[PDB]
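Inspection log for the structure reproduced underneath, given as structure tokens.
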Amino acid sequence: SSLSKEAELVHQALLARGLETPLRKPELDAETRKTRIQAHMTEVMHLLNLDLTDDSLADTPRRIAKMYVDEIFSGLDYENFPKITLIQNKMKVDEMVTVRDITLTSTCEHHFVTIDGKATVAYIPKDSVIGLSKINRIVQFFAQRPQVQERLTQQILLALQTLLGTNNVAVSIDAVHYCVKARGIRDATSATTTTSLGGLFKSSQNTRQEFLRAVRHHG
Amino acid sequence: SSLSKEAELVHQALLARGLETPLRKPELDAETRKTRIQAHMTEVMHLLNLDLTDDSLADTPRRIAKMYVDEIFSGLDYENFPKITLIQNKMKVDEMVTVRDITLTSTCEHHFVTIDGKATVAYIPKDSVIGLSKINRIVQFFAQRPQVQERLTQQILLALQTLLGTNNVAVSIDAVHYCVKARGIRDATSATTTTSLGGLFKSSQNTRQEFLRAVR
Amino acid sequence: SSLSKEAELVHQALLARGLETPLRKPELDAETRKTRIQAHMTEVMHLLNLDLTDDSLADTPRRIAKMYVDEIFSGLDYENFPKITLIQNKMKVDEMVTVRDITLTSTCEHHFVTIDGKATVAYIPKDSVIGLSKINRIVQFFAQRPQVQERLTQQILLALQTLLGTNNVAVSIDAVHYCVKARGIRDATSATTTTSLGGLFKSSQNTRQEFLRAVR
Amino acid sequence: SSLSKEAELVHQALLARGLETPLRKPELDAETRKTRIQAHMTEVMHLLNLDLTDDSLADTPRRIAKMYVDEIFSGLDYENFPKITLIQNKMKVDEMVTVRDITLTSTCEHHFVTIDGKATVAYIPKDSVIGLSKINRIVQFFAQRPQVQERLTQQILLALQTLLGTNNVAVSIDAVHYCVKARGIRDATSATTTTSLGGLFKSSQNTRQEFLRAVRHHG
Amino acid sequence: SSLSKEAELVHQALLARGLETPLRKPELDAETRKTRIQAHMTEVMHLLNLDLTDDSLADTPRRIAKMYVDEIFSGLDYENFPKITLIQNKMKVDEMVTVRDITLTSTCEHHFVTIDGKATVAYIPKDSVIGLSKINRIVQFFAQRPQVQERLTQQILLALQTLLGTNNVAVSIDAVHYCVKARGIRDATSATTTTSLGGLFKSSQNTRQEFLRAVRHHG
Amino acid sequence: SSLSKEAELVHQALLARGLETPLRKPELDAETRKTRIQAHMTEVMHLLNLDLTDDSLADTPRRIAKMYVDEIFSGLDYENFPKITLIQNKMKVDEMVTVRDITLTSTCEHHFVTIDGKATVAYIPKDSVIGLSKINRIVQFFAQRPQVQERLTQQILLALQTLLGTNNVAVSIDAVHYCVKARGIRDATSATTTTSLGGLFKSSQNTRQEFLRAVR
Amino acid sequence: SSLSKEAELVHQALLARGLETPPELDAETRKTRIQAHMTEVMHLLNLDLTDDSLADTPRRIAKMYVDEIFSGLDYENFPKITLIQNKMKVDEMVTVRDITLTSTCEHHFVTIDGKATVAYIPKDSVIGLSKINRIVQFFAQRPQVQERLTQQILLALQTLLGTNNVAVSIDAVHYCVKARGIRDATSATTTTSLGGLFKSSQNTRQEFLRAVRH
Amino acid sequence: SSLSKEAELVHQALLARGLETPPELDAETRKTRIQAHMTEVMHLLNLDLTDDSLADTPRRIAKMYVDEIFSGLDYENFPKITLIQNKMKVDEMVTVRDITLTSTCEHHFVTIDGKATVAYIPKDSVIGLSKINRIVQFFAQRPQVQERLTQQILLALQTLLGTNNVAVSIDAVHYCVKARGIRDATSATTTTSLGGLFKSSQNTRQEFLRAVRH
Ligand SMILES: Nc1nc2c(ncn2[C@@H]2O[C@H](COP(=O)(O)OP(=O)(O)OP(=O)(O)O)[C@@H](O)[C@H]2O)c(=O)[nH]1
Ligand SMILES: Nc1nc2c(ncn2[C@@H]2O[C@H](COP(=O)(O)OP(=O)(O)OP(=O)(O)O)[C@@H](O)[C@H]2O)c(=O)[nH]1
Ligand SMILES: Nc1nc2c(ncn2[C@@H]2O[C@H](COP(=O)(O)OP(=O)(O)OP(=O)(O)O)[C@@H](O)[C@H]2O)c(=O)[nH]1
Ligand SMILES: Nc1nc2c(ncn2[C@@H]2O[C@H](COP(=O)(O)OP(=O)(O)OP(=O)(O)O)[C@@H](O)[C@H]2O)c(=O)[nH]1
Ligand SMILES: Nc1nc2c(ncn2[C@@H]2O[C@H](COP(=O)(O)OP(=O)(O)OP(=O)(O)O)[C@@H](O)[C@H]2O)c(=O)[nH]1
Ligand SMILES: Nc1nc2c(ncn2[C@@H]2O[C@H](COP(=O)(O)OP(=O)(O)OP(=O)(O)O)[C@@H](O)[C@H]2O)c(=O)[nH]1
Ligand SMILES: Nc1nc2c(ncn2[C@@H]2O[C@H](COP(=O)(O)OP(=O)(O)OP(=O)(O)O)[C@@H](O)[C@H]2O)c(=O)[nH]1
Ligand SMILES: Nc1nc2c(ncn2[C@@H]2O[C@H](COP(=O)(O)OP(=O)(O)OP(=O)(O)O)[C@@H](O)[C@H]2O)c(=O)[nH]1
Ligand SMILES: [Ca+2]
Ligand SMILES: [Ca+2]
Ligand SMILES: [Ca+2]
Ligand SMILES: [Ca+2]
Ligand SMILES: [Ca+2]
């Protein structure tokens with residue numbers, strides 16, 4: 001109810017597709033949820049046998065709680081959705097616009113550790129041309145959630161289709177998963193690329209290959 | 001019976017294809033096999049005229065035995081098959097997922113020396129999406145065997161098809177073989193690429209080209 | 001008593017220096033600590049308003065518990081100290097030995113997020129020469145703790161001095177901190193280098209410069 | 001007794017320094033030792049449960065035996081020591097000559113797996129200037145042994161000092177150890193550098209730093 | 001007659017194709033031809049006004065003779081053909097196997113100076129899979145001749161098609177010719193690429209482009 | 001006699017130092033010597049079992065003979081020495097002038113096989129500043145002989161000092177020897193660096209390290 | 001009448017196509033007169049030609065024009081061509097890349113610095129490699145326009161090789177653009193001329209063009 | 001008499017040091033006469049000046065000499081200098097690197113292409129950054145010898161900044177060497193002029209020089 005019309009359009013579009021991140025309605029406010037998380041992380045640290053009396057560690061549970069609710073999972077709250085600016089396509093662009101090497105930082109939902117990546121996004125403007133920076137903001141909004149890279153790519157795609165009023169959008173993400181790099185198999189070199197293509201990017205081999213060939217060069 | 005359902009499924013698929021690594025059924029436990037290999041490697045080092053009274057060398061046979069059975073050849077034992085986790089394709093991905101630059105280390109079965117490479121794997125999820133690290137674990141499981149790169153590539157492919165429940169998988173491996181680089185011709189610059197393509201990666205030229213172009 | 005002689009020697013050296021990681025003595029076994037952490041992480045995820053009925057998410061608390069206790073923080077337990085092997089310096093090396101580009105992954109103790117870096121270690125062997133992989137194992141042991149990079153560097157240094165029986169050791173670490181890159185200021189380009197120098201690496205300007213120049 | 005005077009000078013110099021690789025006198029000939037090693041590796045392969053009836057594996061024990069005695073450990077036999085060619089230093093070079101990025105392949109003596117590296121060698125000619133290629137040959141000769149990188153560097157240094165008739169030699173080796181990379185800790189990125197410096201390279205800070213600064217750039 | 005079956009099969013195929021290096025039958029053993037080449041090269045040095053009494057220069061004619069007959073032109077003698085080892089294609093590979101960046105050193109037949117390059121070879125196994133090192137060996141065999149680059153490429157192709165029992169082979173070479181760089185026009189930058197494509201690699205546009213596109217990352 | 005004064009100064013200075021390429025006076029003219037060299041190379045090719053009726057090989061003896069006398073060994077004839085222009089150091093430069101990455105192609109005198117290198121030259125002008133291209137020309141002159149790298153470097157050094165009227169000259173050559181790469185050991189990676197330093201470049205440690213650090 | 005047979009074939013080819021670069025005195029006299037003119041110019045730039053560094057500049061310039069950088073105007077300077085039979089029956093393109101190319105802006109008389117890439121499919125004959133480099137530099141040593149230079153190299157090779165299957169690409173920095181006027185320090189210009197199969201056959205055309213970029 | 005105070009200080013400085021580049025007609029007339037001379041040269045190269053591409057080349061050249069590439073001979077073209085007080089009390093070197101530099105060989109009149117690196121330690125004043133680039137290019141737009149050009153930039157900056165603590169390094173490719181004569185396609189030339197502490201103080205000197213290389 002306190003959401004922008006843009007935020008609301010995108011959330012409902014995600015829900016109707018089955019794509020929304022698995023959520024429940026909060027019944028505690030954010031300040032209280034921060035506090036309760038802090039208490040729980042305090043115990044965790046005790047259960048790791050850490051000495052919380054040390055000046056360096058004493059504030060860690062508070063820092064973590066803050067980080068979870070306000071920082072890295074801020075994209076779970078649609079009040080944080082970016083404000084959307086659109087201008088008319090008076091200049092009548094009908095070739096793709098591409099924003100590449102977008103900084104993306106997320107968190108894998110199976111181990112709660114860092115995902116570090118880059119997104120590349122393109123679209124063919126129909127009636128509206130979006131403010132460039134809103135593209136980076138939308139990618140970062142969906143990334144500030146516990147994620148599976150596959151779902152993250154689909155979410156950013158559907159959101160952009162919805163705001164731009166066109167199906168002709170493509171999203172590609174290339175990322176290092178620290179769940180892979182820093183534990184378990186500990187593969188120091190691998191990276192994962194996922195792609196979600198809509199409209200002509202999916203179905204027009206020249207549009208599709210133009211997009212895909214362009215990604216290949218950087219990651 | 002002692003193997004996971006996944007591991008037994010992969011092994012039987014490899015066997016029906018003729019792709020399983022040349023194996024005989026085990027008659028001795030892993031620990032006595034280790035003990036005996038240690039015995040044989042002792043004589044080998046004697047026969048090389050090396051002095052085993054050297055502190056540096058004294059334990060090498062035991063180290064080697066331990067390495068063969070427990071590490072570089074641990075993929076000969078399906079009890080070491082990775083645990084497999086799959087989530088539902090509820091997000092409905094229908095474009096390829098590509099894990100590139102997978103660290104791979106193996107052993108050439110003709111000379112028993114190091115193979116050093118990188119794998120790239122892609123699949124189009126059907127009903128399931130695999131945990132990403134499981135792709136790196138599967139590649140390394142098959143790599144921890146005496147191998148011919150051509151067979152290694154096919155085994156990884158078929159194992160992944162079996163577990164993902166789809167033929168839409170592709171595997172590419174690029175590797176330096178030390179049996180080419182460190183002896184014989186001693187080619188210090190060359191490397192070998194092999195590729196195994198399934199379903200659309202083999203037959204669908206847009207999907208096939210998309211994967212092959214990405215590798216390069 | 002349950003720890004190796006090496007591990008106990010390192011721990012007591014760290015303790016006498018004031019360098020040990022802030023620890024309390026264990027009152028609960030590792031397995032019940034895991035069980036309990038799993039309980040707390042369940043509530044955390046509830047408090048984030050996440051839906052744990054999702055197949056993808058359902059097991060995350062258990063995965064996290066398991067990760068903290070058994071993997072990324074396993075260096076809090078000296079039973080996991082690496083086995084140490086030393087051979088006699090019979091070859092009489094008296095110039096530095098340098099292992100560079102050691103893979104290092106840690107966790108910042110202020111935000112509990114990933115630290116990703118590379119260590120470079122050098123020493124001048126006195127009576128003993130260490131097995132090379134043991135240098136990478138020691139770096140990673142200390143890294144698998146909640147850490148402040150400045151403390152991590154000093155702990156690696158002192159542990160190596162203790163085991164090598166010489167003060168002539170140097171440690172340098174270069175790392176990206178995700179608590180700087182992935183939240184707060186979100187500096188995507190920066191990195192931090194810390195360096196701890198012992199014996200001649202600190203005081204001898206030719207030895208000191210030789211190491212520092214090599215790092216760059 | 002069937003050794004060149006060069007080979008004999010170097011072997012005795014190594015022995016008197018305590019640096020020779022740990023060896024015993026053979027009492028079987030090489031052809032017989034190959035055969036006996038083949039028999040033992042055949043058992044090893046059986047103990048790995050491998051099927052030796054397969055065309056690909058049947059010849060592996062023979063290949064391995066051959067590789068050990070004639071290929072990778074050929075440097076254990078001083079009849080394989082390279083022939084040494086020297087010309088007078090009529091041109092009176094008194095500045096270092098440096099051969100860098102010498103291909104080096106060896107085998108670590110603790111696990112019997114590949115070492116892959118590059119050596120850099122320099123010396124200040126006194127009376128004699130060596131044929132360039134003999135430098136690479138000497139490095140490769142000592143490398144074709146089970147090795148510890150520390151001992152390998154010292155061996156190549158003393159050998160060159162002995163043949164060149166001067167102490168002013170330096171050796172640096174930078175190498176990837178597959179005992180580290182492909183088993184155990186499995187560190188995909190690290191590398192080890194060792195240095196052995198004689199004469200002015202050890203003791204003259206300008207000669208020493210000129211050598212060391214020059215290595216730094218490539219590895 | 002004294003050749004291996006593989007060497008004879010390949011030599012006859014090249015002769016029936018019209019592709020063999022222009023050879024005559026040797027009336028003199030190799031040792032005698034070295035001795036005579038040494039005599040001729042001794043005279044060439046005299047004719048260059050060089051002082052053969054110089055310690056550095058005295059053995060040069062013998063070194064050159066040994067080099068021509070036993071080293072850089074050893075591929076003129078099919079007794080030096082590689083041993084070929086093949087295993088059954090039981091694993092049923094039916095895609096391209098590619099060995100890239102094979103070290104190749106040869107000699108231009110027009111000026112007898114160094115060619116330095118890299119080969120890339122691919123094949124689709126039919127019934128057999130060749131030992132990888134034999135591909136490098138086969139490339140170097142043909143390279144150890146006075147060559148024209150475009151002939152060298154064709155000969156490697158036919159040799160490989162002959163041993164492997166399939167037309168589906170491709171060879172590509174990229175090389176610097178010192179008869180271009182070190183004399184005449186003295187072009188420091190240029191290089192030459194030649195391509196020989198058989199069976200599917202010539203005829204099947206996807207197979208052909210998969211090969212050619214993969215080479216492009218040669219240089 | 002038929003030389004430029006410069007050619008004669010350099011030749012004489014190299015003769016006194018003992019640095020000349022081992023030569024003796026010619027009894028035949030260049031044209032006769034080319035004809036005779038073509039006859040010897042004709043026979044060598046015949047003795048290699050090559051078939052001279054082939055159009056592509058037929059002219060090879062004549063090409064080689066031409067290449068030896070007039071091209072790759074043209075630096076043996078001091079009539080081929082570059083013309084030397086100098087302007088006055090009116091600008092009063094007193095810091096090294098460095099020409100780097102000079103193209104150098106030469107022949108190994110032990111095997112008669114290509115050497116491919118780069119030179120770096122620097123000098124501190126005294127009375128004269130040399131035409132920049134003349135430095136490239138001097139390097140290629142001495143390189144168009146059968147050489148050993150150590151001698152070549154000393155020759156270019158003294159030749160420059162004698163023409164510039166100052167000892168303050170430095171020469172560094174970095175080269176790949178095909179006698180190492182294409183035959184014998186066949187090391188595809190290695191390269192050789194030689195340096196010759198005169199005047200301040202040898203003794204003055206700031207001038208010395210300035211030149212050396214710049215070569216890298 | 002004093003040219004080689006090849007140099008005549010080429011020159012007639014270019015004339016007939018309309019593709020030649022747009023003779024009373026001998027080479028020696030034209031130098032003396034150029035040198036006289038360049039003297040006045042330096043006077044007109046207020047330079048002091050008594051300076052030792054400067055004194056000999058007019059003759060250097062004259063010599064550079066006639067004998068060096070515009071030596072390609074003289075077909076007596078055309079390279080010698082050697083062909084061998086295509087006995088080896090090569091029927092795939094042969095490509096020489098990164099050919100060193102240096103030339104002059106015909107509009108401002110300023111340095112052009114580039115690289116050429118040339119490919120052909122041998123029909124009956126296989127040209128010596130280094131002659132490809134020589135033909136490129138022959139045409140480059142003229143005042144040029146990059147578009148014309150590329151077309152000239154293409155027709156000449158086609159003529160000498162007895163096949164239309166030849167392709168030429170040149171990538172170059174013009175100091176007319178970098179050192180003067182707009183002073184764009186980063187830009188470069190690519191031109192391509194494609195003949196026979198390189199123009200018409202999409203796989204031959206794409207193989208060439210894909211190769212250039214990579 | 002028509003120059004700025006700074007341009008006069010610099011010109012006198014260079015004259016007094018012996019470091020100036022070695023005036024009857026106005027700029028407009030010298031162009032017309034240069035243009036007339038370049039016409040005859042093209043005639044003497046046997047070029048057809050009726051060609052549209054070629055027709056206007058003589059005037060382009062004249063204009064390029066007087067107004068563009070040799071515009072540095074005219075101190076009326078000397079850049080404007082703005083200094084601010086060193087209120088911030090910087091006493092460590094300030095370095096501008098990779099300054100775009102384009103010039104001409106005074107010996108063959110051929111393009112020089114380089115980069116300069118300049119450092120100084122501000123004493124009383126801090127120059128606007130872009131004026132450092134402008135001073136470098138002012139001296140470069142003359143027929144030059146690299147060794148002289150570097151010394152000129154150094155004295156000029158010293159004069160304008162009121163400190164001897166200035167250092168100049170230039171790294172450049174001369175087309176006199178690359179496109180002509182020996183045709184060395186890979187070589188480049190570095191020259192350095194060091195003043196005050198940059199010459200005398202080994203740590204200041206090494207800090208500058210170490211910085212250039214890296
Ligand atoms: N489409 C397009 N957008 C541009 C271009 N240059 C800037 N923009 C965008 O124009 C938008 C500005 O509109 P507003 O939303 O009012 O800007 P803002 O309020 O400051 O919001 P933010 O930029 O996100 O911080 C930004 O989002 C820019 O990315 C451009 O060249 N093309
Ligand atoms: N499909 C997909 N999987 C991911 C993603 N991020 C992490 N994963 C994987 O999800 C899987 C988690 O399942 P589990 O098998 O229970 O994890 P684990 O038991 O600790 O096993 P390991 O990861 O091998 O150590 C791991 O394989 C992760 O690497 C992602 O973005 N997409
Ligand atoms: N010092 C020096 N040696 C060189 C140079 N160029 C070639 N050489 C060496 O000269 C030696 C030739 O002498 P020999 O031992 O008779 O040559 P070889 O018998 O063919 O032996 P190998 O070269 O090892 O195969 C080689 O080892 C070359 O490395 C050089 O420029 N300087
Ligand atoms: N000093 C030195 N050590 C080496 C060299 N090559 C290998 N090593 C090390 O020698 C050690 C062997 O001792 P062990 O501890 O018995 O080997 P391990 O028990 O299998 O232990 P890990 O190597 O950690 O798996 C290993 O650490 C090797 O990495 C070398 O060249 N020099
Ligand atoms: N097809 C294939 N061959 C391999 C692979 N790894 C190693 N090889 C080859 O297996 C062959 C070994 O068979 P043999 O010919 O009997 O070995 P060899 O006699 O020592 O021959 P060389 O290796 O050439 O010295 C070598 O040619 C290797 O290059 C692989 O992964 N696939
Ligand atoms: N087709 C082909 N030509 C080559 C090859 N290697 C060298 N060449 C060239 O073959 C030509 C030999 O013919 P000639 O005209 O007699 O050589 P040249 O007279 O010395 O002329 P220049 O090479 O221009 O100095 C030279 O241009 C070589 O560069 C090759 O592998 N294939
Ligand atoms: N198409 C083409 N143009 C070239 C070539 N070389 C130089 N030019 C251009 O020819 C043009 C000359 O036309 P003008 O209008 O007289 O040049 P200008 O009046 O000095 O003005 P600017 O060139 O913009 O500084 C310039 O734009 C040059 O860049 C070339 O090889 N091909
Ligand atoms: N020291 C110095 N020399 C330069 C500079 N620019 C050009 N030169 C050189 O000045 C010299 C001109 O002298 P000349 O002997 O008349 O030149 P040339 O007769 O045409 O002979 P080459 O230059 O060798 O082709 C050439 O060597 C140029 O390389 C410079 O900036 N500094
Ligand atoms: Ca995970
Ligand atoms: Ca093998
Ligand atoms: Ca923090
Ligand atoms: Ca080991
Ligand atoms: Ca040699």
Side-chain angles (χ1 to χ4, degrees), chain A residues 106 108-111 115 147-152 175 177 179-180 183-185 192 194, chain B residues 82-87 97 106 108-111 115 125 129-137 147-152 175 177 179-180 183-185 192 194, chain C residues 56 59-60 62-63 66-67 71, chain D residues 56 59-60 62-63 66-67 71, chain E residues 82-87 93 97 125 129-137, chain F residues 82-87 97 125 129-137, chain G residues 53 56-57 59-60 63-64 68, chain H residues 103 105-108 110 112 144-149 172 174 176-177 180-182 189 191:
Chain A
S106 183
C108 75
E109 80 190 23
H110 301 169
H111 279 97
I115 298 170
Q147 281 289 11
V148 152
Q149 188 174 322
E150 299 88 331
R151 183 199 306 114
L152 169 63
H177 285 243
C179 313
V180 164
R183 45 150 314 270
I185 185 67
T192 299
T194 51
Chain B
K83 187 178 174 73
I84 304 293
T85 57
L86 302 177
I87 56 163
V97 176
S106 189
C108 75
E109 82 185 17
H110 296 164
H111 279 93
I115 297 176
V129 168
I130 190 167
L132 287 173
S133 69
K134 301 317 184 181
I135 297 168
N136 308 48
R137 292 177 173 296
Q147 282 277 20
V148 150
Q149 183 170 330
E150 293 90 330
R151 181 191 309 110
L152 173 59
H177 288 240
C179 63
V180 165
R183 45 143 319 261
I185 189 49
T192 300
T194 52
Chain C
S56 185
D59 297 328
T60 295
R62 188 201 74 229
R63 284 179 301 235
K66 166 54 135 67
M67 185 180 64
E71 326 189 81
Chain D
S56 197
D59 296 325
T60 298
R62 192 185 320 107
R63 285 177 299 236
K66 176 73 184 315
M67 178 183 67
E71 280 165 355
Chain E
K83 306 187 158 177
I84 303 302
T85 48
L86 297 172
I87 66 182
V93 187
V97 170
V129 174
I130 187 165
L132 293 162
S133 71
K134 307 312 182 178
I135 292 164
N136 310 47
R137 289 195 175 283
Chain F
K83 298 179 184 48
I84 304 296
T85 39
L86 302 165
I87 56 174
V97 170
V129 174
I130 197 182
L132 290 180
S133 67
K134 303 314 189 180
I135 285 170
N136 307 52
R137 283 179 136 112
Chain G
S53 190
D56 222 24
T57 291
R59 59 164 303 284
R60 282 186 285 252
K63 173 189 188 182
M64 186 180 65
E68 296 169 334
Chain H
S103 181
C105 180
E106 92 179 36
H107 288 225
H108 295 81
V110 166
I112 300 182
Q144 287 276 11
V145 176
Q146 180 164 337
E147 299 87 323
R148 184 194 305 124
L149 166 64
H174 293 237
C176 295
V177 168
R180 189 208 60 83
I182 192 48
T189 301
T191 53

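Chain naming here is simple, since letters A, B, ... match the order of the sequence lines and numbering starts at 1 in each. Whatever order the structure lists ligands and atoms in, that order sets their numbers, starting from 1. All values below were derived from every heavy atom in this structure, side-chain atoms included, with hydrogens, water molecules and symmetry-related copies excluded.
- In terms of the side chain to side chain donor-acceptor pair (under 3.5 Å) criterion, residue partners of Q149(A) (sequence neighbours excluded) are, by chain and number, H177(A), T194(A).
- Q147(A) pairs by the side chain to side chain donor-acceptor pair (under 3.5 Å) definition with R151(A), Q155(A), not counting sequence neighbours.
- Residues forming a disulfide (SG to SG under 2.5 Å) with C179(A) (at least two apart in sequence, or on another chain): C108(A).
- Remark: side-chain polar atoms of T189(H) are not paired, donor with acceptor, to backbone N or O of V97(F) under 3.5 angstrom.
- With hydrogens and angles disregarded, no donor-acceptor distance shorter than 3.5 Å links the side chain of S133(F) to the backbone of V177(H).
- Contact check for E109(A) versus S56(C): side-chain heavy atoms found under the 4.5 Å cut-off.
- Protein residues are said to neighbour a ligand when one of their heavy atoms lies under 4.0 Å from it; for ligand 8 these are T85(F), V129(F), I130(F), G131(F), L132(F), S133(F), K134(F), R137(F), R60(G), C105(H), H107(H), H108(H), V145(H), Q146(H), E147(H), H174(H), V177(H), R180(H), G181(H).
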